[PDB]
>>> print(open('data17.txt').read())   # compact mmCIF, N, CA and C atoms
# COMPACT_ATOMS: atom_id res chain seq x y z
N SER L 3 107.95 87.62 105.81
CA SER L 3 107.47 87.75 104.44
C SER L 3 105.96 87.50 104.38
N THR L 4 105.27 88.25 103.53
CA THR L 4 103.82 88.23 103.55
C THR L 4 103.28 88.31 102.14
N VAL L 5 102.06 87.81 101.94
CA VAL L 5 101.42 87.87 100.64
C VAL L 5 99.94 88.21 100.86
N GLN L 6 99.32 88.87 99.89
CA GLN L 6 97.94 89.28 100.06
C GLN L 6 97.10 88.78 98.89
N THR L 7 95.81 88.57 99.11
CA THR L 7 94.96 88.17 98.00
C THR L 7 93.58 88.78 98.15
N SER L 8 93.00 89.16 97.02
CA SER L 8 91.68 89.76 96.98
C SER L 8 90.72 88.75 96.38
N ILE L 9 89.77 88.27 97.18
CA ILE L 9 88.78 87.33 96.67
C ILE L 9 87.70 88.12 95.95
N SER L 10 87.45 87.75 94.70
CA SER L 10 86.58 88.53 93.82
C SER L 10 85.31 87.74 93.47
N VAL L 11 84.19 88.44 93.36
CA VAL L 11 82.90 87.83 93.07
C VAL L 11 82.17 88.67 92.03
N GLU L 12 81.13 88.09 91.44
CA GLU L 12 80.28 88.82 90.51
C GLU L 12 78.82 88.68 90.93
N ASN L 13 78.08 89.78 90.90
CA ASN L 13 76.63 89.74 91.02
C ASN L 13 76.02 90.10 89.67
N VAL L 14 75.06 89.30 89.21
CA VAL L 14 74.45 89.51 87.89
C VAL L 14 72.92 89.58 88.04
N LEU L 15 72.35 90.75 87.79
CA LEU L 15 70.89 90.92 87.80
C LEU L 15 70.34 90.76 86.38
N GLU L 16 69.08 90.40 86.25
CA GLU L 16 68.57 90.12 84.92
C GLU L 16 68.33 91.40 84.10
N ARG L 17 68.10 92.52 84.77
CA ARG L 17 67.86 93.78 84.07
C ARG L 17 69.03 94.75 84.25
N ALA L 18 69.61 95.18 83.13
CA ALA L 18 70.72 96.13 83.20
C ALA L 18 70.22 97.41 83.85
N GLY L 19 71.05 98.03 84.68
CA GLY L 19 70.64 99.27 85.32
C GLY L 19 69.80 99.08 86.58
N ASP L 20 69.38 97.85 86.85
CA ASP L 20 68.79 97.53 88.15
C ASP L 20 69.91 97.74 89.18
N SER L 21 69.69 98.62 90.15
CA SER L 21 70.72 98.92 91.15
C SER L 21 70.40 98.36 92.54
N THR L 22 69.49 97.40 92.62
CA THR L 22 69.11 96.80 93.90
C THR L 22 70.34 96.22 94.62
N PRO L 23 70.53 96.53 95.90
CA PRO L 23 71.75 96.05 96.56
C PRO L 23 71.63 94.62 97.06
N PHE L 24 72.73 93.88 97.01
CA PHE L 24 72.82 92.53 97.56
C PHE L 24 74.12 92.45 98.33
N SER L 25 74.15 91.59 99.34
CA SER L 25 75.33 91.45 100.19
C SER L 25 75.87 90.04 100.06
N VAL L 26 77.19 89.93 100.14
CA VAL L 26 77.91 88.68 99.97
C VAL L 26 78.83 88.53 101.18
N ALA L 27 78.94 87.33 101.72
CA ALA L 27 79.74 87.10 102.92
C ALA L 27 80.89 86.17 102.62
N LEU L 28 82.03 86.43 103.26
CA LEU L 28 83.19 85.57 103.19
C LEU L 28 83.37 84.96 104.58
N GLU L 29 83.37 83.64 104.68
CA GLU L 29 83.55 82.97 105.97
C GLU L 29 84.83 82.11 105.95
N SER L 30 85.52 82.06 107.08
CA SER L 30 86.65 81.17 107.24
C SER L 30 86.16 79.89 107.89
N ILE L 31 86.33 78.77 107.20
CA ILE L 31 85.98 77.47 107.75
C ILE L 31 87.00 77.05 108.81
N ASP L 32 88.27 77.42 108.59
CA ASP L 32 89.30 77.11 109.60
C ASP L 32 88.96 77.76 110.95
N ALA L 33 88.45 78.99 110.91
CA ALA L 33 88.12 79.73 112.14
C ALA L 33 86.66 79.58 112.55
N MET L 34 85.82 79.11 111.62
CA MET L 34 84.37 79.12 111.79
C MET L 34 83.87 80.52 112.18
N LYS L 35 84.30 81.52 111.42
CA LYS L 35 83.88 82.90 111.65
C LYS L 35 83.60 83.55 110.32
N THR L 36 82.69 84.51 110.31
CA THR L 36 82.51 85.40 109.17
C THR L 36 83.63 86.43 109.19
N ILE L 37 84.38 86.52 108.10
CA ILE L 37 85.48 87.48 108.01
C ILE L 37 84.96 88.86 107.60
N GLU L 38 84.06 88.90 106.61
CA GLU L 38 83.59 90.19 106.10
C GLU L 38 82.31 90.02 105.29
N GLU L 39 81.46 91.05 105.28
CA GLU L 39 80.33 91.11 104.35
C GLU L 39 80.50 92.36 103.51
N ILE L 40 80.20 92.26 102.21
CA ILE L 40 80.27 93.43 101.34
C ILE L 40 78.94 93.56 100.62
N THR L 41 78.60 94.78 100.22
CA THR L 41 77.36 95.03 99.52
C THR L 41 77.65 95.58 98.13
N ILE L 42 76.95 95.05 97.14
CA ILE L 42 77.10 95.44 95.75
C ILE L 42 75.77 96.04 95.27
N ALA L 43 75.80 97.24 94.70
CA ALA L 43 74.59 97.88 94.20
C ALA L 43 74.32 97.38 92.79
N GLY L 44 73.38 96.47 92.64
CA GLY L 44 73.01 95.98 91.32
C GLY L 44 74.02 94.98 90.77
N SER L 45 74.28 95.05 89.48
CA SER L 45 75.20 94.11 88.84
C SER L 45 76.60 94.68 88.92
N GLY L 46 77.60 93.84 89.20
CA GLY L 46 78.97 94.31 89.18
C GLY L 46 79.92 93.28 89.72
N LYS L 47 81.22 93.57 89.60
CA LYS L 47 82.26 92.73 90.19
C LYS L 47 82.65 93.38 91.50
N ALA L 48 83.13 92.58 92.44
CA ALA L 48 83.49 93.13 93.74
C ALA L 48 84.51 92.25 94.41
N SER L 49 85.48 92.87 95.08
CA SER L 49 86.45 92.15 95.89
C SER L 49 86.21 92.40 97.38
N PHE L 50 86.39 91.36 98.18
CA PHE L 50 86.48 91.53 99.61
C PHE L 50 87.78 92.27 99.91
N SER L 51 87.86 92.86 101.09
CA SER L 51 89.12 93.46 101.54
C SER L 51 90.21 92.40 101.48
N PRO L 52 91.45 92.83 101.24
CA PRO L 52 92.51 91.84 101.01
C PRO L 52 92.80 91.05 102.27
N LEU L 53 93.04 89.76 102.10
CA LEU L 53 93.51 88.88 103.18
C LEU L 53 95.01 88.89 103.17
N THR L 54 95.63 88.93 104.35
CA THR L 54 97.08 88.95 104.44
C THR L 54 97.52 87.64 105.08
N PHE L 55 98.50 86.97 104.48
CA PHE L 55 99.01 85.71 105.02
C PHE L 55 100.48 85.88 105.32
N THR L 56 100.90 85.37 106.48
CA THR L 56 102.28 85.51 106.88
C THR L 56 102.96 84.14 106.98
N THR L 57 102.22 83.07 106.79
CA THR L 57 102.81 81.74 106.90
C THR L 57 102.27 80.81 105.82
N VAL L 58 103.10 79.89 105.35
CA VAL L 58 102.68 78.98 104.28
C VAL L 58 101.66 77.99 104.84
N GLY L 59 100.76 77.50 103.99
CA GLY L 59 99.72 76.59 104.44
C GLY L 59 98.50 76.68 103.54
N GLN L 60 97.47 75.92 103.88
CA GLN L 60 96.22 75.96 103.12
C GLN L 60 95.09 76.50 104.00
N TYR L 61 94.36 77.47 103.46
CA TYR L 61 93.34 78.19 104.20
C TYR L 61 92.02 78.07 103.47
N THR L 62 90.97 77.74 104.21
CA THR L 62 89.70 77.34 103.59
C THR L 62 88.60 78.31 103.95
N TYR L 63 87.85 78.76 102.94
CA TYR L 63 86.79 79.75 103.10
C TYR L 63 85.54 79.27 102.38
N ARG L 64 84.42 79.93 102.63
CA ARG L 64 83.37 79.84 101.65
C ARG L 64 82.70 81.16 101.49
N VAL L 65 82.00 81.31 100.37
CA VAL L 65 81.43 82.60 100.00
C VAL L 65 80.00 82.34 99.57
N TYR L 66 79.07 83.15 100.08
CA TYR L 66 77.66 82.96 99.72
C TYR L 66 76.95 84.31 99.74
N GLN L 67 75.75 84.35 99.20
CA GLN L 67 74.99 85.60 99.14
C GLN L 67 73.96 85.62 100.26
N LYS L 68 73.85 86.75 100.95
CA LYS L 68 72.91 86.86 102.07
C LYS L 68 71.48 86.96 101.53
N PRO L 69 70.49 86.62 102.37
CA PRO L 69 69.09 86.78 101.97
C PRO L 69 68.83 88.18 101.44
N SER L 70 67.96 88.29 100.45
CA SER L 70 67.74 89.57 99.79
C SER L 70 67.02 90.52 100.73
N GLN L 71 67.56 91.72 100.90
CA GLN L 71 66.93 92.71 101.77
C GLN L 71 65.64 93.14 101.08
N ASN L 72 65.73 93.35 99.78
CA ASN L 72 64.55 93.67 98.99
C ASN L 72 63.76 92.39 98.70
N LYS L 73 62.57 92.26 99.29
CA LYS L 73 61.83 91.01 99.22
C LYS L 73 61.24 90.72 97.83
N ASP L 74 61.33 91.68 96.92
CA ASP L 74 60.96 91.43 95.53
C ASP L 74 61.92 90.45 94.85
N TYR L 75 63.09 90.19 95.44
CA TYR L 75 64.08 89.27 94.85
C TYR L 75 64.39 88.06 95.73
N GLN L 76 64.73 86.94 95.09
CA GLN L 76 65.29 85.78 95.78
C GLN L 76 66.80 85.78 95.56
N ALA L 77 67.57 85.86 96.63
CA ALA L 77 69.03 85.79 96.53
C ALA L 77 69.44 84.43 95.97
N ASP L 78 70.58 84.40 95.29
CA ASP L 78 71.14 83.16 94.79
C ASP L 78 71.63 82.36 95.99
N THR L 79 71.18 81.12 96.14
CA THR L 79 71.54 80.30 97.30
C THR L 79 72.77 79.43 97.07
N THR L 80 73.43 79.60 95.93
CA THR L 80 74.64 78.85 95.62
C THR L 80 75.75 79.19 96.61
N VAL L 81 76.46 78.17 97.10
CA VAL L 81 77.58 78.40 98.02
C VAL L 81 78.88 78.02 97.31
N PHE L 82 79.92 78.84 97.47
CA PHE L 82 81.21 78.54 96.87
C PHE L 82 82.26 78.22 97.92
N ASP L 83 83.01 77.15 97.67
CA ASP L 83 84.17 76.81 98.48
C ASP L 83 85.37 77.52 97.88
N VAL L 84 86.18 78.14 98.74
CA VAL L 84 87.34 78.88 98.26
C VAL L 84 88.58 78.43 99.02
N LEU L 85 89.56 77.92 98.29
CA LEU L 85 90.79 77.46 98.92
C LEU L 85 91.90 78.43 98.57
N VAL L 86 92.67 78.85 99.56
CA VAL L 86 93.85 79.68 99.34
C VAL L 86 95.08 78.89 99.75
N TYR L 87 95.95 78.62 98.78
CA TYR L 87 97.19 77.91 99.06
C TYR L 87 98.38 78.85 99.08
N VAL L 88 99.06 78.93 100.22
CA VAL L 88 100.18 79.84 100.37
C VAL L 88 101.46 79.02 100.41
N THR L 89 102.36 79.28 99.47
CA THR L 89 103.58 78.49 99.40
C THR L 89 104.65 79.35 98.72
N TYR L 90 105.78 78.75 98.35
CA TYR L 90 106.80 79.46 97.55
C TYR L 90 106.76 79.01 96.10
N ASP L 91 107.02 79.93 95.18
CA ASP L 91 107.11 79.57 93.77
C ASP L 91 108.54 79.12 93.48
N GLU L 92 108.85 78.93 92.20
CA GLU L 92 110.13 78.34 91.81
C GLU L 92 111.32 79.24 92.13
N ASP L 93 111.08 80.52 92.36
CA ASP L 93 112.15 81.45 92.69
C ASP L 93 112.25 81.71 94.20
N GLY L 94 111.41 81.05 94.99
CA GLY L 94 111.43 81.23 96.43
C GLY L 94 110.57 82.39 96.90
N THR L 95 109.73 82.93 96.03
CA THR L 95 108.85 84.03 96.38
C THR L 95 107.55 83.49 96.98
N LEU L 96 107.11 84.09 98.07
CA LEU L 96 105.85 83.73 98.71
C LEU L 96 104.67 84.10 97.81
N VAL L 97 103.83 83.12 97.50
CA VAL L 97 102.69 83.36 96.61
C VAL L 97 101.42 82.78 97.23
N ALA L 98 100.26 83.28 96.80
CA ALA L 98 98.97 82.73 97.22
C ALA L 98 98.17 82.34 95.99
N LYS L 99 97.77 81.08 95.89
CA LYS L 99 96.96 80.61 94.77
C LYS L 99 95.55 80.37 95.27
N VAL L 100 94.57 80.93 94.58
CA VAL L 100 93.18 80.86 95.03
C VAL L 100 92.38 80.01 94.08
N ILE L 101 91.60 79.09 94.61
CA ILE L 101 90.76 78.24 93.75
C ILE L 101 89.34 78.23 94.30
N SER L 102 88.36 78.49 93.45
CA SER L 102 86.96 78.47 93.91
C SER L 102 86.18 77.45 93.13
N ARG L 103 85.20 76.85 93.79
CA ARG L 103 84.31 75.87 93.18
C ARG L 103 82.93 76.02 93.81
N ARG L 104 81.88 75.71 93.04
CA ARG L 104 80.57 75.54 93.65
C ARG L 104 80.67 74.39 94.63
N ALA L 105 80.01 74.53 95.77
CA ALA L 105 80.01 73.48 96.78
C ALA L 105 79.51 72.20 96.12
N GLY L 106 80.22 71.09 96.33
CA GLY L 106 79.84 69.82 95.73
C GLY L 106 80.40 69.57 94.34
N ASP L 107 80.84 70.62 93.65
CA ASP L 107 81.43 70.48 92.32
C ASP L 107 82.91 70.18 92.39
N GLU L 108 83.41 69.44 91.40
CA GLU L 108 84.83 69.15 91.30
C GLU L 108 85.52 70.25 90.48
N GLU L 109 84.86 70.70 89.42
CA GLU L 109 85.45 71.70 88.54
C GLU L 109 85.47 73.09 89.19
N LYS L 110 86.54 73.83 88.92
CA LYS L 110 86.66 75.21 89.38
C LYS L 110 85.60 76.07 88.70
N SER L 111 85.19 77.14 89.37
CA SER L 111 84.20 78.06 88.81
C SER L 111 84.41 79.43 89.43
N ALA L 112 84.23 80.49 88.64
CA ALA L 112 84.28 81.85 89.20
C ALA L 112 83.11 82.01 90.16
N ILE L 113 83.28 82.84 91.18
CA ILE L 113 82.23 83.06 92.16
C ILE L 113 81.23 84.06 91.57
N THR L 114 80.03 83.57 91.25
CA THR L 114 79.02 84.37 90.56
C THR L 114 77.65 84.11 91.18
N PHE L 115 76.88 85.18 91.40
CA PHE L 115 75.54 85.06 91.96
C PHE L 115 74.54 85.70 91.01
N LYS L 116 73.35 85.12 90.90
CA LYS L 116 72.35 85.64 89.97
C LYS L 116 71.00 85.70 90.67
N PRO L 117 70.79 86.74 91.48
CA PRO L 117 69.49 86.91 92.15
C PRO L 117 68.38 87.04 91.11
N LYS L 118 67.21 86.50 91.42
CA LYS L 118 66.06 86.52 90.50
C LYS L 118 64.92 87.34 91.08
N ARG L 119 64.28 88.15 90.24
CA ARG L 119 63.17 88.97 90.68
C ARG L 119 61.95 88.08 90.69
N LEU L 120 61.21 88.11 91.80
CA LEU L 120 60.02 87.28 91.98
C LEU L 120 58.71 88.00 91.69
N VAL L 121 58.74 89.32 91.69
CA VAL L 121 57.53 90.08 91.39
C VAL L 121 57.77 90.98 90.18
N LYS L 122 56.69 91.28 89.46
CA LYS L 122 56.79 92.10 88.26
C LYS L 122 57.45 93.42 88.62
N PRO L 123 58.24 93.99 87.70
CA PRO L 123 58.88 95.28 87.98
C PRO L 123 57.86 96.37 88.29
N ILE L 124 58.26 97.37 89.07
CA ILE L 124 57.40 98.53 89.29
C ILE L 124 57.30 99.31 87.98
N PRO L 125 56.09 99.70 87.59
CA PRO L 125 55.95 100.41 86.31
C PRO L 125 56.77 101.70 86.23
N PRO L 126 57.50 101.89 85.11
CA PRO L 126 58.20 103.15 84.84
C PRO L 126 57.20 104.27 84.63
N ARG L 127 57.59 105.51 84.92
CA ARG L 127 56.73 106.66 84.68
C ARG L 127 56.50 106.80 83.18
N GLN L 128 55.49 107.56 82.78
CA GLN L 128 55.29 107.79 81.36
C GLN L 128 56.57 108.37 80.76
N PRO L 129 57.05 107.79 79.65
CA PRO L 129 58.26 108.32 79.04
C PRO L 129 58.06 109.77 78.61
N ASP L 130 59.16 110.50 78.40
CA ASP L 130 59.09 111.86 77.91
C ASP L 130 58.65 111.84 76.45
N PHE L 131 58.30 113.00 75.91
CA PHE L 131 57.98 113.10 74.50
C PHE L 131 59.20 112.65 73.70
N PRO L 132 58.99 112.15 72.48
CA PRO L 132 60.11 111.68 71.65
C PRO L 132 61.16 112.77 71.43
N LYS L 133 62.42 112.37 71.30
CA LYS L 133 63.49 113.33 71.08
C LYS L 133 64.07 113.13 69.68
N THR L 134 63.46 112.21 68.94
CA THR L 134 63.86 111.92 67.57
C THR L 134 62.69 112.24 66.65
N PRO L 135 62.98 112.53 65.37
CA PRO L 135 61.93 112.91 64.43
C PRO L 135 60.85 111.84 64.31
N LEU L 136 59.59 112.25 64.39
CA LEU L 136 58.49 111.30 64.26
C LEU L 136 58.35 110.92 62.79
N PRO L 137 57.86 109.73 62.52
CA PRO L 137 57.65 109.26 61.17
C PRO L 137 56.78 110.21 60.36
N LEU L 138 57.13 110.37 59.12
CA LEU L 138 56.42 111.25 58.26
C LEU L 138 55.02 110.76 58.04
N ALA L 139 54.08 111.68 57.95
CA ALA L 139 52.72 111.34 57.65
C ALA L 139 52.56 111.25 56.14
>>> encode(input="data17.txt", output="C-alpha cells")
Amino acid sequence: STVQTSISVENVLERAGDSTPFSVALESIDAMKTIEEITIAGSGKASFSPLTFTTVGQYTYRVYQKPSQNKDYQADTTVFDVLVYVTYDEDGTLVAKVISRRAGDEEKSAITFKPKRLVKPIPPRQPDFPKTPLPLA
C-alpha cells in the first residue's frame, strides 16, 4: 500500500507580471540529499514532483529558495521545515499529513518566498498612443 504527496510552495514578486525565474529546492534531512529543484517564472504556486511513501513513519525535509540567478534580485533566505507523517487513518487507510513551518518557528506556515528587487526596474519603452478618447478641449 502506498500514498503520495505534493509539497506546494508560493513565490511572490512585488510587481505583477514580473516573470523573472526563481528556483526552489526540496531536501531530505533523513537522507541529507537534495531531492529536487523546481523553477517558477515570476509569481505563482508550484508543487514539487510527488513523493511516494510505501511505509508508515515520519519523514523530514526542508525547502528553501536558491540564490537569484538574476542579480537584480535578492532571493528570500527563509528556510522551511517540512514534516511528512505517514500513518493510517480511522478507517485503516494509508494517509500522509504534511506540516510546514519557518525554521525556528513553532506555528505552522505555508511555504512562501518573496524575492526583493535591489535595483530600479529597467525603463519601459515609450507607451503607444492612447486608445481611449482624449479629454475634450
>>> atom_distance(input="data17.txt", atom1="atom CA of residue L:70", atom2="atom CA of residue L:36")
18.0 Å
>>> closest_residue(input="data17.txt", among="L:127, L:73, L:47, L:99", to="residue L:14", atoms="only C-alpha atoms")
L:47
>>> closest_residue(input="data17.txt", among="L:88, L:48, L:27, L:81", to="residue L:60", atoms="only C-alpha atoms")
L:88
>>> residues_around(input="data17.txt", residues="residue L:23", least_positions_apart="4", cutoff="7 Å", atoms="all atoms listed in the file", output="list in words")
residues 41, 42, 43, 44, 70, 71 and 72 of chain L
>>> atom_distance(input="data17.txt", atom1="atom C of residue L:121", atom2="atom CA of residue L:74")
6.2 Å
>>> atom_distance(input="data17.txt", atom1="atom CA of residue L:101", atom2="atom CA of residue L:118")
26.3 Å
>>> closest_residue(input="data17.txt", among="L:98, L:59, L:93, L:116", to="residue L:79", atoms="all atoms listed in the file")
L:116
>>> residues_around(input="data17.txt", residues="residue L:97", least_positions_apart="3", cutoff="8 Å", atoms="only C-alpha atoms", output="compact mmCIF listing (two decimals) with N, CA and C atoms, in the frame of the given file")
# COMPACT_ATOMS: atom_id res chain seq x y z
N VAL L 5 102.06 87.81 101.94
CA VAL L 5 101.42 87.87 100.64
C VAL L 5 99.94 88.21 100.86
N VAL L 88 99.06 78.93 100.22
CA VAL L 88 100.18 79.84 100.37
C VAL L 88 101.46 79.02 100.41
N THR L 89 102.36 79.28 99.47
CA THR L 89 103.58 78.49 99.40
C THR L 89 104.65 79.35 98.72
N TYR L 90 105.78 78.75 98.35
CA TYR L 90 106.80 79.46 97.55
C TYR L 90 106.76 79.01 96.10
N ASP L 91 107.02 79.93 95.18
CA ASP L 91 107.11 79.57 93.77
C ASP L 91 108.54 79.12 93.48
>>> closest_residue(input="data17.txt", among="L:123, L:117, L:6, L:105", to="residue L:55", atoms="all atoms listed in the file")
L:6
>>> closest_residue(input="data17.txt", among="L:18, L:82, L:92, L:129", to="residue L:113", atoms="only N, CA and C atoms")
L:82
>>> axis_aligned_box(input="data17.txt", around="stretch 40-44 of chain L", padding_each_side="3 Å", output="AutoDock Vina command-line options")
--center_x 76.6 --center_y 95.1 --center_z 96.5 --size_x 13.3 --size_y 11.6 --size_z 17.4
>>> closest_residue(input="data17.txt", among="L:138, L:28, L:33, L:120", to="residue L:76", atoms="only N, CA and C atoms")
L:120
>>> select_by_dssp(input="data17.txt", residues="stretch 89-127 of chain L", states="strand (DSSP E or B)", output="list in words")
residues 89, 90, 96, 97, 98, 99, 100, 101, 102, 103, 104, 114, 115, 118 and 119 of chain L
>>> decode(input="data17.txt", residues="stretch 92-121 of chain L", atoms="N, CA and C atoms", output="PDB file, in the first residue's frame")
ATOM      1  N   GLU L  92      -8.601   6.565  10.591  1.00  0.00           N
ATOM      2  CA  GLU L  92      -9.522   5.802  11.428  1.00  0.00           C
ATOM      3  C   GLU L  92     -10.146   4.611  10.701  1.00  0.00           C
ATOM      4  N   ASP L  93     -10.092   4.617   9.376  1.00  0.00           N
ATOM      5  CA  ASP L  93     -10.639   3.515   8.590  1.00  0.00           C
ATOM      6  C   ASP L  93      -9.564   2.526   8.136  1.00  0.00           C
ATOM      7  N   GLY L  94      -8.317   2.759   8.538  1.00  0.00           N
ATOM      8  CA  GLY L  94      -7.231   1.880   8.153  1.00  0.00           C
ATOM      9  C   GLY L  94      -6.605   2.231   6.811  1.00  0.00           C
ATOM     10  N   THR L  95      -6.930   3.400   6.278  1.00  0.00           N
ATOM     11  CA  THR L  95      -6.381   3.852   5.014  1.00  0.00           C
ATOM     12  C   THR L  95      -5.038   4.558   5.242  1.00  0.00           C
ATOM     13  N   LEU L  96      -4.047   4.240   4.426  1.00  0.00           N
ATOM     14  CA  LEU L  96      -2.744   4.888   4.484  1.00  0.00           C
ATOM     15  C   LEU L  96      -2.856   6.350   4.064  1.00  0.00           C
ATOM     16  N   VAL L  97      -2.414   7.254   4.928  1.00  0.00           N
ATOM     17  CA  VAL L  97      -2.512   8.683   4.642  1.00  0.00           C
ATOM     18  C   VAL L  97      -1.171   9.364   4.916  1.00  0.00           C
ATOM     19  N   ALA L  98      -0.945  10.526   4.298  1.00  0.00           N
ATOM     20  CA  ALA L  98       0.247  11.337   4.569  1.00  0.00           C
ATOM     21  C   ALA L  98      -0.191  12.732   4.994  1.00  0.00           C
ATOM     22  N   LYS L  99       0.233  13.166   6.175  1.00  0.00           N
ATOM     23  CA  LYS L  99      -0.088  14.500   6.668  1.00  0.00           C
ATOM     24  C   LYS L  99       1.165  15.345   6.599  1.00  0.00           C
ATOM     25  N   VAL L 100       1.063  16.520   6.002  1.00  0.00           N
ATOM     26  CA  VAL L 100       2.232  17.364   5.773  1.00  0.00           C
ATOM     27  C   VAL L 100       2.124  18.614   6.615  1.00  0.00           C
ATOM     28  N   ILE L 101       3.185  18.968   7.316  1.00  0.00           N
ATOM     29  CA  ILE L 101       3.170  20.190   8.124  1.00  0.00           C
ATOM     30  C   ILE L 101       4.417  20.999   7.835  1.00  0.00           C
ATOM     31  N   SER L 102       4.260  22.283   7.542  1.00  0.00           N
ATOM     32  CA  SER L 102       5.428  23.129   7.269  1.00  0.00           C
ATOM     33  C   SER L 102       5.473  24.270   8.256  1.00  0.00           C
ATOM     34  N   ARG L 103       6.692  24.686   8.589  1.00  0.00           N
ATOM     35  CA  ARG L 103       6.927  25.808   9.483  1.00  0.00           C
ATOM     36  C   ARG L 103       8.182  26.540   9.027  1.00  0.00           C
ATOM     37  N   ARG L 104       8.244  27.844   9.269  1.00  0.00           N
ATOM     38  CA  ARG L 104       9.512  28.544   9.141  1.00  0.00           C
ATOM     39  C   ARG L 104      10.474  27.930  10.139  1.00  0.00           C
ATOM     40  N   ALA L 105      11.728  27.773   9.733  1.00  0.00           N
ATOM     41  CA  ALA L 105      12.749  27.217  10.611  1.00  0.00           C
ATOM     42  C   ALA L 105      12.779  28.072  11.873  1.00  0.00           C
ATOM     43  N   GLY L 106      12.775  27.430  13.037  1.00  0.00           N
ATOM     44  CA  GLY L 106      12.789  28.151  14.302  1.00  0.00           C
ATOM     45  C   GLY L 106      11.419  28.538  14.846  1.00  0.00           C
ATOM     46  N   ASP L 107      10.401  28.550  13.988  1.00  0.00           N
ATOM     47  CA  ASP L 107       9.040  28.877  14.412  1.00  0.00           C
ATOM     48  C   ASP L 107       8.308  27.652  14.934  1.00  0.00           C
ATOM     49  N   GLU L 108       7.400  27.877  15.875  1.00  0.00           N
ATOM     50  CA  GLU L 108       6.560  26.813  16.399  1.00  0.00           C
ATOM     51  C   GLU L 108       5.290  26.697  15.560  1.00  0.00           C
ATOM     52  N   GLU L 109       4.730  27.835  15.163  1.00  0.00           N
ATOM     53  CA  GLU L 109       3.481  27.843  14.413  1.00  0.00           C
ATOM     54  C   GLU L 109       3.690  27.379  12.966  1.00  0.00           C
ATOM     55  N   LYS L 110       2.711  26.646  12.447  1.00  0.00           N
ATOM     56  CA  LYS L 110       2.710  26.213  11.060  1.00  0.00           C
ATOM     57  C   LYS L 110       2.599  27.432  10.147  1.00  0.00           C
ATOM     58  N   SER L 111       3.142  27.318   8.942  1.00  0.00           N
ATOM     59  CA  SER L 111       3.069  28.398   7.964  1.00  0.00           C
ATOM     60  C   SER L 111       3.150  27.803   6.567  1.00  0.00           C
ATOM     61  N   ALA L 112       2.408  28.369   5.616  1.00  0.00           N
ATOM     62  CA  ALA L 112       2.533  27.941   4.219  1.00  0.00           C
ATOM     63  C   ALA L 112       3.932  28.297   3.729  1.00  0.00           C
ATOM     64  N   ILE L 113       4.462  27.512   2.804  1.00  0.00           N
ATOM     65  CA  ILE L 113       5.794  27.762   2.278  1.00  0.00           C
ATOM     66  C   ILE L 113       5.688  28.874   1.226  1.00  0.00           C
ATOM     67  N   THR L 114       6.226  30.046   1.557  1.00  0.00           N
ATOM     68  CA  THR L 114       6.097  31.235   0.710  1.00  0.00           C
ATOM     69  C   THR L 114       7.428  31.973   0.653  1.00  0.00           C
ATOM     70  N   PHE L 115       7.818  32.412  -0.539  1.00  0.00           N
ATOM     71  CA  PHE L 115       9.058  33.164  -0.722  1.00  0.00           C
ATOM     72  C   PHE L 115       8.740  34.503  -1.375  1.00  0.00           C
ATOM     73  N   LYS L 116       9.463  35.546  -0.982  1.00  0.00           N
ATOM     74  CA  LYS L 116       9.194  36.881  -1.513  1.00  0.00           C
ATOM     75  C   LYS L 116      10.510  37.547  -1.896  1.00  0.00           C
ATOM     76  N   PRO L 117      11.053  37.188  -3.064  1.00  0.00           N
ATOM     77  CA  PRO L 117      12.295  37.822  -3.530  1.00  0.00           C
ATOM     78  C   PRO L 117      12.084  39.323  -3.685  1.00  0.00           C
ATOM     79  N   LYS L 118      13.113  40.110  -3.392  1.00  0.00           N
ATOM     80  CA  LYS L 118      13.040  41.571  -3.468  1.00  0.00           C
ATOM     81  C   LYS L 118      13.984  42.108  -4.535  1.00  0.00           C
ATOM     82  N   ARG L 119      13.518  43.079  -5.304  1.00  0.00           N
ATOM     83  CA  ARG L 119      14.323  43.675  -6.349  1.00  0.00           C
ATOM     84  C   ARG L 119      15.227  44.688  -5.682  1.00  0.00           C
ATOM     85  N   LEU L 120      16.520  44.615  -5.982  1.00  0.00           N
ATOM     86  CA  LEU L 120      17.525  45.503  -5.389  1.00  0.00           C
ATOM     87  C   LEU L 120      17.890  46.696  -6.263  1.00  0.00           C
ATOM     88  N   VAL L 121      17.601  46.611  -7.554  1.00  0.00           N
ATOM     89  CA  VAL L 121      17.890  47.728  -8.443  1.00  0.00           C
ATOM     90  C   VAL L 121      16.612  48.217  -9.113  1.00  0.00           C
TER      91      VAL L 121
END
